[PDB]
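Residue numbers for the sequence shown, in the deposited numbering: 1 to 164, 167 to 364, 365A, 366 to 503.
We treat Cβ as the ideally placed atom computed from N, Cα and C, and that holds for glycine.
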Amino acid sequence: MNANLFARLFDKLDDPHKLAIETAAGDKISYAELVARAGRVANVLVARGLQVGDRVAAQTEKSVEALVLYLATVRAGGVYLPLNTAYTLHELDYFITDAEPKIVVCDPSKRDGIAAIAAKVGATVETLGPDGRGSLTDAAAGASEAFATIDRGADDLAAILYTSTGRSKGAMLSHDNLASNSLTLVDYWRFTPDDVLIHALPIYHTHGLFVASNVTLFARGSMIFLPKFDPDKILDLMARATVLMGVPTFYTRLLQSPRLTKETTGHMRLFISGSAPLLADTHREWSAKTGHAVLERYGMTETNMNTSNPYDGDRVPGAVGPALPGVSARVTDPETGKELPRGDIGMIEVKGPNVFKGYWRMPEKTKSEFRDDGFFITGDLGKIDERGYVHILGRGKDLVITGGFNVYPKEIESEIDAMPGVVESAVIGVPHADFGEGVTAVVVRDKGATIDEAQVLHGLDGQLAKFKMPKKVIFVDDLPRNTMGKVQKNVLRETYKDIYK
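Printed below as a string of structure tokens:
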């Protein structure tokens, strides 16, 4: 039947009156109520000139109404284009010009400001504020709820999400890209209609917009729709929720709370982290304080989710799990494009029903990033181990070259980080008359941890090829980090420039 994501989500409901969404104010919206809301908004969009295939660009603060706009856009056969709330009027000009949306929805504060930009591409402007009120909401109230969901095929567009070295690119995502991936995750992450997801992520990125929302809705579960992340509120809610999706900072911040215990997390079923790697130390602490594991998973705008750690059993250090059902992952020589033996490091490529359709109005870039056999070149370097787990090892800028051989610091860092007493390691290359660069590990230990330099080197023995062995292990109270909290390896290289003199 209809491949329209809205139809896949809402066509057959056994229990339409069950909770879909609890708002931050505590309002309850059933599945039936959510569908009706979407019907009213879809009627407004069509009334304002939205035709099948047109884009709706939306720069909205997070609200249930903003989520409804996404659903309504796809229902009406439109292509939903969320835009980071951080974009200035000048920055919006780029996206609106590139995408040529028919409708632009923005905060009431920008209404008159975006008028000229919108007029340039022939778009109509509506508004939606952080409270979910605005011209869109005014109009929807007076619109009919009945709407015939537009027929769409698997490969028809549902959304465009822009990426973050060149200009920002519009990733074209199909109905089946979105439906296939979240349906796969419902099963892989063992969701049921009894699940309650704490939703504290932005909805202008893949994670909060698609993964959290679509997985919950395909599962027939519900979400508690928070406007933003707040450690105390989340702790509050865990007593009556089952799932949390977050990013590492969620977990590290939560860990800083005396409130975090086995009891306060006793009701929870599943914790997931994405976007950036969790430290092994954080995995360990979370497990020690709460009794729970935290699942990690590899994904990106162009591919949705590619892998996930298994629901049951072993996390592998440095890895984010095997390819999900339906998804193919491989590692290739970055230049020649030939697949490498398992365990060798190269370019990660993925193929599957999750992979996007290309970049909007950028045919040459689209051509260059796909192999002849349909695999998408991710830009990420890494390896796939003999167990099939994917290890992401960065994007190549941090390369160390020792005795003429390439070394990827993350490969070594994950092994050291997995050792008891280790908070975090940073592997760098500094001048070494014999090897050009000497592999060097700089390690933060737990207060009073007993692990020493010899123990780290012994632990690495056998785990990695000999040429990758650090020549020295240096212990420090902390790592230098930039204002964004990223470890500064240039600073480390300056500090330790003379260690092999």
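Going by DSSP, name the residue or residues bridged to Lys353. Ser330
Report yes if the CB atom of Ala154 is closer than 8 Å to the CB atom of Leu175, and no otherwise. no
From the DSSP output, in three-state form, read off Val74 for me. helix
Taking DSSP as the reference, what is the three-state secondary structure of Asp463? strand
Spatial neighbours of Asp54 within its chain, please: C-beta separation below 6 Å, excluding the five flanking residues on both sides. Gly78, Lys102
Assign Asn484 to buried or exposed, taking buried as 16 or more other Cβ atoms, counted over all protein chains shown, within 10 Å of its Cβ. exposed
Beta-carbon proximity check, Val475 vs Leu459, cutoff 8 Å: yes
Roughly how far, in whole angstroms, is the beta-carbon of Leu326 from the beta-carbon of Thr305, given that I think they are within contact range, below 8 Å? Actually they are not in contact, since the Cβ atoms of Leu326 and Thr305 sit about 10 Å apart, beyond 8 Å.
Any heavy atom of the ligand MN inside 7 Å of the beta-carbon of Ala278? This structure simply doesn't include the ligand MN, nor any ligand for that matter.
Would you call the segment 311 to 323 in contact with the segment 400 to 407, where contact means no fewer than 3 C-beta pairs closer than 8 Å? no
Whole-angstrom distance between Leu81 and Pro343, CA atom to CA atom: 40 Å
Sort out for me which residues DSSP pairs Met225 with in a bridge. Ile21, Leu199
Where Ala115 falls, given that 16 or more other Cβ within 10 Å makes a residue buried: exposed
Give every residue of the same chain whose Cβ lies closer than 6 Å to the Cβ of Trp362, excluding the five residues on either side of it in the sequence, and list them in chain order. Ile160, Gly172, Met174
Counting along the chain, where does the alpha helix (DSSP H) carrying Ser275 start and finish? Note, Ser275: premise wrong, no alpha helix (DSSP H); beta strand (DSSP E) at 272 to 275.
Among all the DSSP beta bridges, which residues are the ones paired with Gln51? Beta-bridge pairing links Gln51 to no other residue.
Could you tell me which residues DSSP puts in a beta bridge with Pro312? According to DSSP, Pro312 bridges with nothing at all.
Which ranges would you report for the alpha helix (DSSP H) in the segment 64 to 134 if only whole runs of at least 4 residues count? 64 to 75, 89 to 99, 115 to 121
Distance, Cα to Cα, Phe469 vs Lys399? 20 Å
Measure the CB-CB distance between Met247 and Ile274 and report whether it falls below 8 Å. yes
Cβ atoms of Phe220 and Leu9: under 8 Å apart, would you say? yes
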